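Novice: Just so you know, the sequences run in chain order B and A. Under the entry's author numbering, the residues of the first sequence are numbered 3 to 637, 641 to 659, 668 to 703, in order. Under the entry's author numbering, the residues of the second sequence are numbered 1 to 760, 780 to 840, 864 to 947, in order. From the three backbone atoms N, C-alpha and C, an ideal C-beta is built for every residue, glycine too.
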Amino acid sequence: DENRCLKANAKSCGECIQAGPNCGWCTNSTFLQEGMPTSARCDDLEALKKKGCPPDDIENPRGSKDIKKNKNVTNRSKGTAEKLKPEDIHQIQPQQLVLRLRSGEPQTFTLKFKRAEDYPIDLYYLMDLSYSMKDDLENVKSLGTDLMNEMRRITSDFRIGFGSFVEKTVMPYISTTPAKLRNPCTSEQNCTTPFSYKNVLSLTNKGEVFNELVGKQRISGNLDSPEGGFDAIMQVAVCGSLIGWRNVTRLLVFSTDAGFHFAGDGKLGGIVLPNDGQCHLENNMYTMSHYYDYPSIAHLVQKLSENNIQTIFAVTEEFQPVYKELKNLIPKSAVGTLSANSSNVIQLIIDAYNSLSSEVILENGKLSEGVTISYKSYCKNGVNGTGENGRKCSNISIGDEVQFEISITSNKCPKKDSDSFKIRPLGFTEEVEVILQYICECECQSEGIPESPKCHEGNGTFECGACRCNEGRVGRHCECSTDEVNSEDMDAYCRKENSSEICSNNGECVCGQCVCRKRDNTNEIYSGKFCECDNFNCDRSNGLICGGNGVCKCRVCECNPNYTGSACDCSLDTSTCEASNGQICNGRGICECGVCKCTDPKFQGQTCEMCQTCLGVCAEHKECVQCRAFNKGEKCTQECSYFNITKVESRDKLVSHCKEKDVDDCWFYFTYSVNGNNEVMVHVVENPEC
Amino acid sequence: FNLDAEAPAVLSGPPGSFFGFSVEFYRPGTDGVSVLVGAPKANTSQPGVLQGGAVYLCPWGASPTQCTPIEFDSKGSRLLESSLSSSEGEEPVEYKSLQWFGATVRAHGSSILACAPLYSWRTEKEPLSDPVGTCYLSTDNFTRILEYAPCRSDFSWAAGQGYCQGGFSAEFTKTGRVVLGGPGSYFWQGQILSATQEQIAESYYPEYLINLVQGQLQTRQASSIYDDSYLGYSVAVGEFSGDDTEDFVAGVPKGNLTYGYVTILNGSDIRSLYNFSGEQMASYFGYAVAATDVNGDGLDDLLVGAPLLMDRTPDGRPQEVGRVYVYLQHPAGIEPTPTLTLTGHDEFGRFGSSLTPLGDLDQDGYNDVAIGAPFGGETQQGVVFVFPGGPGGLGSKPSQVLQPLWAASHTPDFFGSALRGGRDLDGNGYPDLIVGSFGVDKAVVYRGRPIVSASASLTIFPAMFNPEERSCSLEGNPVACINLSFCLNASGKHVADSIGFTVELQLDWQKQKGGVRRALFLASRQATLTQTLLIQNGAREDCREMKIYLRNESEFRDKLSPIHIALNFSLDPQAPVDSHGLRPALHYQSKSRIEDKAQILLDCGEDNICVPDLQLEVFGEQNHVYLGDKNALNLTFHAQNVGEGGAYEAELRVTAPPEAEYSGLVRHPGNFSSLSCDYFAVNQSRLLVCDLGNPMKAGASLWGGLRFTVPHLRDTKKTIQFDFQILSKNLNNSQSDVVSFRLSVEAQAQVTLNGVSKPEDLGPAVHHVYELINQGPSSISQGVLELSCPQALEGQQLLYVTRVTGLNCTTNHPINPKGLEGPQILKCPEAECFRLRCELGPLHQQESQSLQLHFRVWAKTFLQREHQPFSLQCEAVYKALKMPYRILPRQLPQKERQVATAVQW
Ligand SMILES: *[C@@H]1O[C@H](CO)[C@@H](O[C@@H]2O[C@H](CO)[C@@H](O[C@@H]3O[C@H](CO[C@H]4O[C@H](CO)[C@@H](O)[C@H](O)[C@@H]4O[C@@H]4O[C@H](CO)[C@@H](O)[C@H](O)[C@H]4NC(C)=O)[C@@H](O)[C@H](O[C@H]4O[C@H](CO)[C@@H](O)[C@H](O)[C@@H]4O)[C@@H]3O)[C@H](O)[C@H]2NC(C)=O)[C@H](O)[C@H]1NC(C)=O
Ligand SMILES: *[C@@H]1O[C@H](CO)[C@@H](O[C@@H]2O[C@H](CO)[C@@H](O[C@@H]3O[C@H](CO)[C@@H](O)[C@H](O)[C@@H]3O)[C@H](O)[C@H]2NC(C)=O)[C@H](O)[C@H]1NC(C)=O
Ligand SMILES: *[C@@H]1O[C@H](CO)[C@@H](O[C@@H]2O[C@H](CO)[C@@H](O[C@@H]3O[C@H](CO)[C@@H](O)[C@H](O)[C@@H]3O)[C@H](O)[C@H]2NC(C)=O)[C@H](O)[C@H]1NC(C)=O
Ligand SMILES: *[C@@H]1O[C@H](CO)[C@@H](O[C@@H]2O[C@H](CO)[C@@H](O[C@@H]3O[C@H](CO)[C@@H](O)[C@H](O)[C@@H]3O)[C@H](O)[C@H]2NC(C)=O)[C@H](O)[C@H]1NC(C)=O
Ligand SMILES: *[C@@H]1O[C@H](CO)[C@@H](O[C@@H]2O[C@H](CO)[C@@H](O[C@@H]3O[C@H](CO)[C@@H](O)[C@H](O)[C@@H]3O)[C@H](O)[C@H]2NC(C)=O)[C@H](O)[C@H]1NC(C)=O
Ligand SMILES: *[C@@H]1O[C@H](CO)[C@@H](O[C@@H]2O[C@H](CO)[C@@H](O)[C@H](O)[C@H]2NC(C)=O)[C@H](O)[C@H]1NC(C)=O
Ligand SMILES: *[C@@H]1O[C@H](CO)[C@@H](O[C@@H]2O[C@H](CO)[C@@H](O)[C@H](O)[C@H]2NC(C)=O)[C@H](O)[C@H]1NC(C)=O
Ligand SMILES: *[C@@H]1O[C@H](CO)[C@@H](O[C@@H]2O[C@H](CO)[C@@H](O)[C@H](O)[C@H]2NC(C)=O)[C@H](O)[C@H]1NC(C)=O
Ligand SMILES: *[C@@H]1O[C@H](CO)[C@@H](O[C@@H]2O[C@H](CO)[C@@H](O)[C@H](O)[C@H]2NC(C)=O)[C@H](O)[C@H]1NC(C)=O
Ligand SMILES: *[C@@H]1O[C@H](CO)[C@@H](O[C@@H]2O[C@H](CO)[C@@H](O)[C@H](O)[C@H]2NC(C)=O)[C@H](O)[C@H]1NC(C)=O
Ligand SMILES: *[C@@H]1O[C@H](CO)[C@@H](O[C@@H]2O[C@H](CO)[C@@H](O)[C@H](O)[C@H]2NC(C)=O)[C@H](O)[C@H]1NC(C)=O
Ligand SMILES: *[C@@H]1O[C@H](CO)[C@@H](O[C@@H]2O[C@H](CO)[C@@H](O)[C@H](O)[C@H]2NC(C)=O)[C@H](O)[C@H]1NC(C)=O
Ligand SMILES: *[C@@H]1O[C@H](CO)[C@@H](O)[C@H](O)[C@H]1NC(C)=O
Ligand SMILES: [Ca+2]
Ligand SMILES: [Ca+2]
Ligand SMILES: [Ca+2]
Ligand SMILES: [Ca+2]
Ligand SMILES: [Ca+2]
Ligand SMILES: [Ca+2]
Ligand SMILES: [Ca+2]
Ligand SMILES: [Mg+2]
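(1) Starting from the Cα of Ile799/A, find the closest Cα among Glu881/A, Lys442/A and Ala62/A and give me that residue.
(2) Would you report the Cα separation of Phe680/A and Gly550/B, rounded to the nearest angstrom?
(3) For ligand 10, enumerate in chain order all residues having a CB closer than 7 Å to any of its heavy atoms.
(4) Mind reading off the beta-carbon distance from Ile726/A to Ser890/A? Whole number of angstroms is fine, and I expect it under 8 Å.
(5) Is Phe264/B close to chain A, meaning its C-beta is less than 8 Å from at least one C-beta of that chain?
(6) Taking the straight line between their C-alpha atoms, what separation do you get for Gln940/A and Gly584/B?
(7) Below 6 Å CB to CB, which residues in the same chain sit around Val35/A once its five sequence neighbours on both sides are set aside?
(8) To the nearest whole angstrom, what separates the beta carbons of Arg102/B and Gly65/B, a pair I think is in contact under 8 Å?
(9) Give me whichever residues DSSP pairs with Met546/A in a beta bridge.
(10) Assuming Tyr446/A and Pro8/A make a contact with CB atoms under 8 Å, what is their CB distance in whole Å?
(11) Mind listing, in chain order, the residues whose beta carbon lies closer than 7 Å to a non-hydrogen atom of ligand 6?
(12) Please list the terminal residues of the continuous beta strand (DSSP E) segment that includes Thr258/A.
(13) 8 Å is my cut-off, CB to CB: does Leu225/B come that close to chain A?
(14) Using a threshold of 7 Å, is the CB atom of residue 1016/A nearer than that to any non-hydrogen atom of ligand 18?
(15) Measure the alpha-carbon distance for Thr943/A versus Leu826/A and round it to whole angstroms.
Shown next as structure tokens:
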């Protein structure tokens, strides 16, 4: 009966459920002895049945999962009603769900996700304005018109926006000398003053307008090889409204031919202030660059993820490797090959977008201590993902449904109030909120009225039929009140026999009951009414208490399902008893404690394999011709399992053959064939001789 | 916990001057000790200079109300008139504006170096803007001012060391050697430059602004791939070589393609001895560096700070946890993989930004190290973590946490920006720690206090107490009192001769929870006694003797439970003010609580005296030990007590050999059939404890029969030793005389010999089978068996031996002639015998040796005697040459056997 609930010594019903879900608390506790405490009330559901009495009053609540709404996503995108508006169509089926958490019970739900066939795309193009990328600018002017046409096939709603990020103005990054300031390049060449962050234009439905703005843009340059693209990218995401971000998937195109400075690179610059991730742009110009130091890569990931802006990197083969390492850090982003003059920029964007769309990942909200989440996913072509692979599926085409079972476990009842949290994948405005209302109350406790006069005018909580004595009260009635001013005649209830020590000399006696004295080596308080039982007074099988695996109960070793005996180390395993022949303990004997006890006379050995005195097999095993066939005598096929061979006049004269007399007094020739170790082959001559 | 964070000294600097950026100790001890604080954006009086920056020195005073900035530069930036005459007016050759002087402050002895990297110089011949970087060297109590421009050179633009920012990170060696590392030279590759104080002063020339020194040592030039490595970002001095020359520790933040590595380079060799590579990508490994011995082996260990490390929590959300690294140097080799690491929970902690050696703060024999978290804390004020020194490794958990007393403001405090430690400001024998807070423009220094270790030990000699007789009787009522006395000792360094302490004694503490207090002090008539005791550092422990009396009333129903005596003390809260000003402290390891239990003497005697005289006599049955046999040894011991009662928990423990194992115990006493016996594995030798009884009974004699199994143990190499003794919990004469019984172990063998004849192609088959079985448990090698019949296996021979098997055997005559097939007494001696001597080496317990002899009868020979009864007889003797045992003092098994076979017609 050893379990956490019993070990917990549950004071009230609420503790039986908290200690173990299987354990149930009987309010009636009729079976429970008055002397026995509240712990004895709590018992396993299977264990309660062991008693043979079932209590209706006992409460065993089980956690359940419910759903507030069950909306249906449009299927096949057919008809005017389907995809009527962005808010109107929801990819996620269940908007939110409600479940009940029970300690020791897992809770899993099914989430149905299907890709929407039609979804608008917004494309913000961040292009390095460095002198090396000049050639790229001329192509980017005629690119916008080509882009719009290609993206129209991909999506019936495409918006093009141009962004120009160079580097933060500082004495070290860019030449302080005023002559260079006017133009970063040589005097003969024409280069515009460097600007760390500038907006050429916002997102528009017409690509032609974009073309005109690109042409006005003038080539710029920076002294350092790495450019401050990171600062420009961060500003775009945080502002949002400025870039005119919409629910339509946003491709964060980022094209540069050089490296990127990150985190506290301002140090040489002398700026010790980190980026605040806030919008300070004025007239499409960010002038807080010499105020805030370049933001860290982790900080940039937090912003892009928060605004769900897909990040696509279009960099040259020289810096390709560096950007690939960064890719793992920033999610919902891709890396493609960039031409010297951005000739294949349009081809990259198209390919990059397809890869990002196929990969879908689920992210949940911050969870309090004692709360965990498990992900189980379903994929096409028989591919199953677990752990990290379980959370995100891949190779998802338009109109393809993928489901993700999520398991949430809540224990310790930390918060009584309901916890509401929201879970959503990157690039998807639609989210899923799982709300949980923890129940830690007791139905009987609600029914139970405080200060009940039955239990000595409420001295002990009398909820339902269960009476739990309060501090200073021991028993069913708790009419003791411990020590009093007028000394009483000890406690008659404490000792069955007055002559014997109060509570069998095992503890302190009060309120007409017995609380056993604490023991450091074993469970402090012993079991029993008179505390006469003990948890460390049992026998040891071999230097280990109760076989080393048994549980001591009232100074009595109880063995496990695999053990039997006072020692309790005696296993029920008969594997050691078995021999090569295949009969337990050879021919005869009883397998007890893993050591065969030979029964048949003059049988010695571990499996009693040595019986020299024992009569010869041919003589003793004469039942093979008289039990299988010509049935007569005793019994049967348990011992003589050897196969009979139909051999006539076999030349095997001495293995050693044997001869006997039959019913008609006819000689019978037979033998048992053994060549190596133990072998079994019977050769009884069919042809009879009289 | 030694540092006095509660009242840290505060240094005041002008707002916006970035006061507290860099703080270091210069010329500590001797005449006077002063604190230097860097003021880089600090407004200077220099003409034409804006936000030049300055270093402020504050003389140690009970109150730091006075702080004077060091006058490093008393003149304006130099302008050359010759070029100015040719040109229109005058143009600044160099700009002192935004110099950020004081960004680094290093002081060795009387020499102080203040360098601002942002400071630049315009080329005289043509105008070029580059961060060359400057410094100001002060020595001999500011006797001679020297200006050193190492990064300054003819080489100009990205190609030259014109952006070097020399002095960004500067460290002084133990010899006062200057080490300036700049991260902007050679297209921002970085360059570490070092020169001695004497060489730099001699090389420096006032007339020529740009000068060169012969024998100057700097870092080597690197390729375009090595560019933007930011070499020298953080410099430190550490010794791993063990040579007189001191190695330079300088981590790269943007090195190894933005991964960041730390390289240790010897100034004389101008090369890197060993390099450390960061695991976390964009780790920024080398942002903060430090060299000190943190494990007490006398070998410098290298610490590196990576606050940009972004770790992943159980939820999976990404936070800038960061990691602090430190590696304990070994003589055999230097391990790259970090032995220990530090992880910061604080999201955006930025921890490990500044690291400062603190010497041995706890005087534990291990040096400690402070780490700075600029954006640490709930209010993001900033925090500094002090980790305790450990010989195996520095403890992961911080020893103490320091939080700024001042209320948080909207402007980031940036605490832990600069950390200085390992130098004793007041020479109290405990290293101090000064923290830089440039955001609040203040400077905070934390003083320490000495730790004193004490020990409380309460011992009661007259614990035995009986209420029948009271030694002390009061006028009101009689109540016997047990003499109670507790001794306390105190020792330490930098503590007063007399130290105030607070002793507190509790009687029946486990009965103080609403229970009737059994024992009370006789003098104050109360259970508790708190007291003050002045204890000298070198004085012997003083034990104050007190008398505690137990009550004699029928009020308490239960008195079975023993009285509990608890002594608990602590340093007095109102400690007397000391000249040093540091309050005394008590070490956590020392225990200031001693717990004792007193049990009333029950039925001791008329005089209440308990004296047991246990007697023990033991013997062993079946004493002979057969090696290799399942020997059973029953221990027979008669235990008796001719002494008085009070020997509580009497128990006989028989220490077993490795060989012997316990099965059970049977006694003769009527009350208990089987005495309880529990295993005691903790005892070095297996010991079985059987309780004779709960309360000792005078004249209680108990005969105990213990059966012990003997699992094989041939490694004993002598007679097994079993020790029998009686143990008691009594204060005096607790144990009985020890009884040691030696059990002789002598292996014995027993080989049986049994022979029978099957009788008892011409000639009926005759089978003679001789079998030897080693019934005895001792297997014997080299068993020799001599088999012999009365025929030579010839033709005139009546019998024809065919073969013999089951043991290897050699026959003098051919065993196989050609191929595998009144009464006359035919016996070996009568005719030609055919003796065959066999030999069997491999033998085991219960092994059966059986030799089958099958000599057929020669028909022609038999026909020689037509009507004669023949009786064939074959004999066999055997022996055993030796047995495989360490000792064999017994008889070696031997025997003989005959076999007969009659023939009739
Ligand atoms: C811990 O980290 C440290 C920092 O990363 C490591 O230091 C680095 O270690 C690597 C590997 O040893 C070095 O790589 C080698 O550097 C050599 C430097 O030689 C050039 O530079 C020096 C100093 O300025 C100069 O004296 C030389 O003469 C040479 O400069 C040449 O100058 C001429 C002048 O006209 C110019 O034309 C040349 O262009 C220029 N050098 C060239 C060839 O471009 C190189 O020589 C080494 O090159 C190897 O391969 C060459 C081609 O086959 C061959 O010719 C060379 O003989 C040689 O085999 C090689 O590149 C890093 O420089 C060094 N970085 C530093 C010091 O910061 C440290 O090593 C590491 N721990 C270890 C393992 O020790
Ligand atoms: C609380 O428990 C008591 C005692 O069980 C209930 O009183 C009634 O007692 C009788 C006799 O014990 C119960 O009969 C039982 O029936 C089962 C059937 O398997 C049998 O195995 C038992 O030996 C016994 O004969 C009876 O069930 C029970 N009353 C009812 C209505 O079942 C009492 O009702 C319980 N409720 C409360 C709040 O007291
Ligand atoms: C892990 O992968 C295995 C496949 O290797 C999944 O087992 C599959 O279980 C599904 C049902 O959950 C079976 O799909 C059924 O297919 C039949 C047609 O064959 C269709 O008529 C049913 O409506 C249903 O879709 C599938 O046969 C079965 N595959 C096999 C052979 O194992 C398993 O479900 C995956 N892990 C999960 C998500 O539990
Ligand atoms: C819960 O316990 C409290 C005590 O902690 C009860 O209050 C008082 O308890 C005393 C002792 O049980 C009562 O005195 C009793 O009087 C009867 C005769 O009426 C006598 O036979 C008993 O031996 C005892 O002396 C006392 O009446 C009672 N009330 C007072 C005045 O405080 C309390 O009644 C119990 N119920 C609750 C929760 O109210
Ligand atoms: C810059 O850091 C990178 C790691 O971020 C280094 O790449 C690493 O290169 C080594 C091979 O040289 C790979 O194995 C290492 O080998 C050494 C022995 O040579 C061994 O002691 C180390 O434990 C390690 O296994 C290593 O796998 C590879 N990076 C990875 C993926 O771990 C690179 O070597 C560093 N800079 C250079 C090129 O020196
Ligand atoms: C660089 O820019 C200047 C303008 O700032 C160019 O001057 C222009 O030249 C064109 C003819 O090519 C004239 O039509 C414009 O009127 C001029 N503008 C001004 C403001 O003078 C100059 O030609 C450019 N130089 C180059 C291309 O190197
Ligand atoms: C994208 O969808 C959301 C769905 O609510 C639209 O509503 C915005 O939701 C965000 C959630 O943080 C709020 O911060 C905005 O204030 C909401 N905007 C308004 C005015 O409804 C959102 O408008 C859509 N995208 C747009 C048009 O910005
Ligand atoms: C962008 O770069 C490509 C590089 O191939 C240019 O393509 C070449 O254009 C020249 C004419 O200017 C042809 O002679 C070459 O044959 C083309 N490439 C090859 C490999 O054949 C392209 O013209 C450039 N576009 C612009 C105008 O920037
Ligand atoms: C990703 O899915 C696509 C289908 O949408 C896979 O491409 C085809 O898959 C089918 C079914 O397995 C095969 O019969 C075809 O031969 C595949 N190729 C064609 C012609 O589309 C694709 O293989 C999947 N991912 C990969 C490449 O492993
Ligand atoms: C540290 O720097 C020195 C340069 O002084 C390195 O060169 C050694 O110089 C000493 C003379 O001072 C020679 O005796 C050694 O032979 C030189 N090095 C070797 C081992 O060849 C020296 O190598 C560096 N430290 C060491 C010895 O590791
Ligand atoms: C207080 O503490 C010490 C710690 O052991 C006690 O033991 C003494 O230790 C010192 C160490 O130098 C020895 O010199 C002494 O001989 C030890 N005690 C004795 C018996 O002299 C010490 O006894 C305690 N206080 C006292 C009684 O001096
Ligand atoms: C020993 O006695 C002292 C008496 O002061 C106890 O110290 C007090 O402990 C309580 C409970 O922890 C605190 O609330 C008080 O603040 C302590 N004293 C004061 C007022 O300063 C001490 O707890 C006792 N021994 C133990 C177990 O610590
Ligand atoms: C202990 O106290 C008793 C009085 O109860 C006294 O007679 C005796 O001398 C004391 N012994 C000491 C102080 O050693
Ligand atoms: Ca280009
Ligand atoms: Ca740049
Ligand atoms: Ca050295
Ligand atoms: Ca060390
Ligand atoms: Ca220490
Ligand atoms: Ca000090
Ligand atoms: Ca006595
Ligand atoms: Mg560029």
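Specialist: Reading from the atomic positions:
(1) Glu881/A
(2) 14 Å
(3) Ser241/A, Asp243/A, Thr245/A, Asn266/A, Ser268/A, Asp269/A and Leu273/A
(4) Actually they do not touch by this definition, with Cβ atoms about 49 Å apart.
(5) yes
(6) 40 Å
(7) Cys58
(8) 4 Å
(9) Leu484/A
(10) 5 Å
(11) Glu190/B, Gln191/B and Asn192/B
(12) From DSSP, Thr258/A is part of no beta strand (DSSP E) but of the alpha helix (DSSP H) over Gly255 to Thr258.
(13) yes
(14) The structure shown has nothing for residue 1016/A, since chain A only spans 1 to 947.
(15) 23 Å
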